[PDB]
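In case you want the letters, here they are:
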Amino acid sequence: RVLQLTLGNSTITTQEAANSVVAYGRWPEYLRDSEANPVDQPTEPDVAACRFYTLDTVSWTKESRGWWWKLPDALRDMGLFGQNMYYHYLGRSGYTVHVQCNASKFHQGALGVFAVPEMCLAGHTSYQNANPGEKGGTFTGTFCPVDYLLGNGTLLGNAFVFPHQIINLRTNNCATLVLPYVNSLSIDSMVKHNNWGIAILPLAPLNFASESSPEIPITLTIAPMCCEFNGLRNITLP
Amino acid sequence: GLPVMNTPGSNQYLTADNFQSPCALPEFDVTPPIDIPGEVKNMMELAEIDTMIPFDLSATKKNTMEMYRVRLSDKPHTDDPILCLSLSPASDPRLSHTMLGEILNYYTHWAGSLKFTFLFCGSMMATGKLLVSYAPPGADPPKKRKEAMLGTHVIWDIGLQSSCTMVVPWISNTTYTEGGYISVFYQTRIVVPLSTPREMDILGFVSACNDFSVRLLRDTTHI
Amino acid sequence: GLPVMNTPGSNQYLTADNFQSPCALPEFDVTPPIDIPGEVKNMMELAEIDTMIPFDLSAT
Amino acid sequence: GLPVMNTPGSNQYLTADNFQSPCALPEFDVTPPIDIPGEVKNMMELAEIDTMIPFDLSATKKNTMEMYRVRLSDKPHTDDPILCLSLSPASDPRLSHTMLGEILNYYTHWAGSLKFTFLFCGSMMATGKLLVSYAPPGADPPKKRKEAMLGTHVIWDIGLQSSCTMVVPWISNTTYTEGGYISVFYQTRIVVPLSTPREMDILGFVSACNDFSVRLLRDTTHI
Amino acid sequence: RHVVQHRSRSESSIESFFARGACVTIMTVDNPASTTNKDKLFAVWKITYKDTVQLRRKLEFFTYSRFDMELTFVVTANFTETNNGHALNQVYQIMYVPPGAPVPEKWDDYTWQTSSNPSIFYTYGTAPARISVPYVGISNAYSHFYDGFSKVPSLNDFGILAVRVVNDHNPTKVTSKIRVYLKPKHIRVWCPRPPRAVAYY
Amino acid sequence: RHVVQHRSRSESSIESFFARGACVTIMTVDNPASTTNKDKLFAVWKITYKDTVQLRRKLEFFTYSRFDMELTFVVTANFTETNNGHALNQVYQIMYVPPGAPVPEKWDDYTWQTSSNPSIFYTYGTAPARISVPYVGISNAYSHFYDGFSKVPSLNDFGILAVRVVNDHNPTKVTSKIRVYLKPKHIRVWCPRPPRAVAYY
């Protein structure tokens, strides 16, 4: 079984969506009428920008400590989503983060893919520093935040309270996280404020047979879902 | 007016009071709530989440990423257990700082079951067997594979299932070493096909069950 | 508010009081009772038991 | 009598109290009210009234009658806007002291739409076109007529309609420059028939809509 | 910060806008010690909104008004001297003289005993005193602006508050201040007007 | 000790876990004696959970929250000096400044009289004062963690508590401390997180 998914002009291949997690069991959804207002006015461009965007692949090695991305930050140079994210002032969007990872049967290791709401990292006081964009940042084992603390002084073993998946190479080699819009507000600035944060840390480290490929690829494919923004909506009276 | 008689406990402030109070902003209209995803209605919901056990709290492994990985390797057939974890989720420095243990530290009494879940993170080609033994409370832990087998155990075939779950039932408050043990032994040594590494890692996760119960809050958090 | 008139016997503590009181552990769930055998509902139940008389209370 | 237990908050005076009180003139019969015309039931009723914007707060125009008149004239075709008004009704010295702004100064949070209304006060013979542009929040104001046209705008033909109304929707509390802009550009220069003056004046009026909402009173008025 | 808000105008109502407790005066009285005492033995204040700019401005938004008046008296005393002051708990007479009625001129004036004038007798240390005067206007609404004259060749009476201490021959001088907290209630207003500046306030 | 226990999770509820009175500050004020007095004449405290580790930790278990706030003021005074201190019972103004409103800067500041700011007038010796502030958040939940910045080239306002003594010219200096006991009420929480250590607390 091999499921080929098309969004817009963009096509990806998934071995199977057999174990695809939905954070808090809540699927992405537009701003409902009970929480909307015809005078605080949204529009829905979930036509074109809401497609699969595939970041530049990262290379998992024996020495890799982890990687992280912020959202909608990572997609701030990604075509129409990045355009809308700057043209519009207020926006909301869920995501579908499909972390594929390509390894042989003679590689071994495990990744913990964690989706974090309000992933405030720390050695933080800098926008460019806290928002690396498309390439994301990396963790450490001692700026760059600490592996076992997630940066936020926080034992990684408890990280599984967050929405997550485990990519254990002997079993599954891909993970999917369906993230709804999570914020204290129904809608907010995308450029000033990242709602979600992806963090991929090797729980079990990479290892492999003698002369296998030394560094395997982890690929992220992020699809905005139910992307909606403001709000140019003017009434001209006679 | 109405004749009344002030009783004892009048004009005292009991911090555990639950009375009415006059609002300071009665005319204020409160910002109405939204349906933020991820609402928690009980702290046990957080203890019910499987969180990784920090097995190896050695002087060097502790407060690192390596404190979570029990390494399997190739070495002489000593039936010493791979791990022997005591089931004191409140006072055991391994289970203590799990989410379960973090919540249990807030309470004085608690009871229920704990599901442990060992996850093998080796090769798809690796093959072998482990013995996951459960020693009930009052019984000292088994030291050899035979003692473990003659008790309560699960023979976990690595090549067939990558994880093994074990629900221990008789977990209750320490006071205010008992509780039992979950041990892991080599039944067989691990078999690899080729130059495949002979050094794997098993992770471990723990959680309370839905049945689990806590009571009498004991926040003891100072500086 | 409601006009009231404090009467005599206000703000006194009579040890034989029987009023309500604020609980210090309202959120605590009490360990529920079991059916222990041998429940006594009245002290006379103990007086109703035949107990041996010490007749000879001599010096020895 | 009735056993009672005085609680905390007894014998305090909270200025926001809402209790009963003993009347000092119970036997007095109050002069009964009449139906005076013009009863207000909500202060927003006053913010809903279109009140003239003092555009030109220059050192000389301010606190005069000329601070309300945007003068159109004949001069080189510079696409600089006739006016560019920022939509900070609470903190913008132009909109600040409008009736809307005066009421908004009494509150901490507010949201709704503002209808602006420009009124041409030139000749019945004058003819021309103006471009009334709306820049949403987060967008810096347009500096040229093309930038304005490619955005949200209304081409107002003076000879056909003497006023132009524009309802801006995303107005909300500052904190505790954003909000957007209403700009006016010359699309065409103004055409007059004869010795008719080539110096007109446009007035501007602002009001909240029925939807508009305020909350958390913040009277800050001292000496 | 930029939050979606539904329609909500409850706090812009006339009651929510006006019915808010606010100090309108600070009366002062000294204990009737026959030491050097003047004027001091009793305080008088004609009730008026024109002495506090917040209430004045909020009202002068309108032309006509009607409202009841919840007065609340916060008394605060202390010994005037370094003297080791010992004083049994004092009682304060807080008299409300209705509109168009004689004012006290002395501590021992006849008005203090008059049955007409409702008086509170407030024991120091107890909860702050409170009364609710109704709409005591002669006309059918309090007029903040009155284009017109008394005689052909503006002001409206809410009452007076007088205060004294009842304790008679005190050895130690005890100074006292009574903060009057006015709270309009059941407010109706008519014929809105522009607000003034904060200029002549 | 090892007792059979039936299912019981009531005390692990969010309300049972959080809605527990706990001191969040100890404000201090000295009586307005014109002797040597500084700063001292009035206290101010911005309401915050980040100054007490117990509440902070319990909240930082989660990302977002909503709760009302039952504040309870336990006042305790005494004479600062060996002086044979005689002082008539003092009154304390306990003002709650709502979010985004001016703070007092002086004892005689205009804010103390402002109608906006609800104030308790507490007579010493009486039962501890109490008010219940509602959810005063601008957003739809108090955010303990906010990944984001103010400007593109964490903190939420619960209000301020100011305190002063109303009694004016006191001869003897009376120091006073007001322990504020906060009790969250009607607590809702969202998006659990791991607890921190007790390290940076």
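Residues numbered from 1 in each chain as written, not as in the entry; some residues may be left out. Chains lettered and ligands numbered in written order. Part of a larger assembly, values for the part shown. Heavy atoms only, no water.

S.K.: Mind laying out the nonpolar core, listing which residues take part and the relevant values?
M.R.: It is characteristic of soluble globular proteins that their nonpolar side chains tend to be buried jointly. Ranked by size, the top nonpolar core spans 120 residues in total, and within it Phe116 of chain B together with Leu71 and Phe73 of chain F carry the most contacts. With seven residues, the top contributor of residues to this core is strand β6 (residues 107-120) of chain B. What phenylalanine 73 of chain F contacts, discounting residues up to four positions off in sequence, is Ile94, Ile120, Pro128, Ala129, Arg130, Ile131, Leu161, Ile178, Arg179 and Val180 of chain F. By size, the runner-up hydrophobic cluster in this structure holds 95 residues, among which are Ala90 and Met200 of chain D together with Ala43 and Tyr92 of chain E. (Core = buried A, V, L, I, M, F, W, Y, C linked by side-chain atoms within 4.5 Å. Buried < 20%, exposed > 50% of the residue type's maximum accessible area, 1.4 Å probe, protein only. Helix = DSSP H or I, 4+ residues; strand = E, 2+ residues; numbered from the N terminus. Contact = heavy atoms within 4.5 Å.)

S.K.: I'd love a proper account of the environment of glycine 204 of chain D, names of residues and values included.
M.R.: Residue and element names in this part refer to chain D. Relative to the helices and strands, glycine 204 is located in strand β12 (residues 200-208). The spatial distance from the C-alpha of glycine 204 to the C-alpha of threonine 177 is 21 Å, given a sequence separation of 27 residues. Non-local contacts of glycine 204, meaning those with residues more than four positions away in its chain, are made with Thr51, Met52, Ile53, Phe55, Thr117 and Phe118.

S.K.: Tell me about the sheet that holds strand β7 (residues 67-71) of chain A, and name the residues and values.
M.R.: Read from one edge of the open sheet, five strands run β10-β7-β13-β9-β11 (chain A), paired in antiparallel fashion. Whereas interior strands pair on both sides, the edge strands pair on one side only; in this sheet they are β10 (137-138) and β11 (164-168) of chain A. (Pairing = 2+ DSSP bridges.)

S.K.: So what's going on with the interface of chain B and chain F? Which residues, and what values?
M.R.: Across the boundary between the two partners, chain B contributes 51 residues, which contact 56 residues of chain F. Between chain B and chain F, roughly 4,800 Å² of surface is buried when both sides are summed, and carbon and sulfur atoms account for 58% of that area. Linking chain B with chain F are four salt bridges. The shortest N-O distance in the salt bridge between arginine 9 of chain F and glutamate 48 of chain B comes to 2.6 Å. The tally of links between chain B and chain F comes to 26 residue pairs in polar contact. Each residue belonging to the side of chain B that touches chain F can be placed in one class, and the counts come to 29 nonpolar, 14 polar and eight charged. (Buried area = accessible area lost by both parts, 1.4 Å probe. Salt bridge = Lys/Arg side-chain N within 4 Å of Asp/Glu carboxyl O. Polar contact = N/O pair within 3.5 Å; in protein donor to acceptor, adjacent residues only side chain to side chain. Nonpolar A, V, L, I, M, F, W, Y, C, P; charged D, E, K, R; others polar.)

S.K.: Just give me the short version of the side chain of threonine 108 of chain D, but keep the residues and values in it.
M.R.: Position of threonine 108 of chain D relative to the elements: it lies in strand β7 (residues 107-120). Judged by relative accessible area, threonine 108 of chain D falls into the buried class, the value being 1%. Within the structure, the side chain of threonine 108 of chain D is placed 2.9 Å from the backbone oxygen of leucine 216 of chain D, a separation counted as a polar contact. If near-sequence neighbours (up to four positions away) are discounted, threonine 108 of chain D is found in contact with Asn173, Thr175, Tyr176, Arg215, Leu216 and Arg218 of chain D together with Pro99 and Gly100 of chain F.

S.K.: Quick one: what's the story with the pattern of salt bridges, residue by residue and with numbers?
M.R.: Overall, the coordinates contain 46 salt bridges over all chains when judged by the stated rule. The shortest N-O distance in the salt bridge between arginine 57 of chain E and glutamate 102 of chain D comes to 2.9 Å. Within this pair, whereas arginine 57 of chain E is found in helix α2 (residues 53-60), its partner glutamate 102 of chain D is found in helix α2 (residues 99-104), the two belonging to separate chains. For the pair shown, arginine 57 of chain E and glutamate 102 of chain D are each scored as buried. Between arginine 130 of chain F and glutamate 70 of chain F there is a salt bridge, with its nearest N and O atoms 3.7 Å apart. Note that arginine 130 of chain F is positioned in strand β6 (residues 129-133) and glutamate 70 of chain F in strand β3 (residues 62-79), a separation of 60 residues in sequence. Residue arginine 130 of chain F is classed as buried on the basis of its relative accessible area, which comes to 1%.

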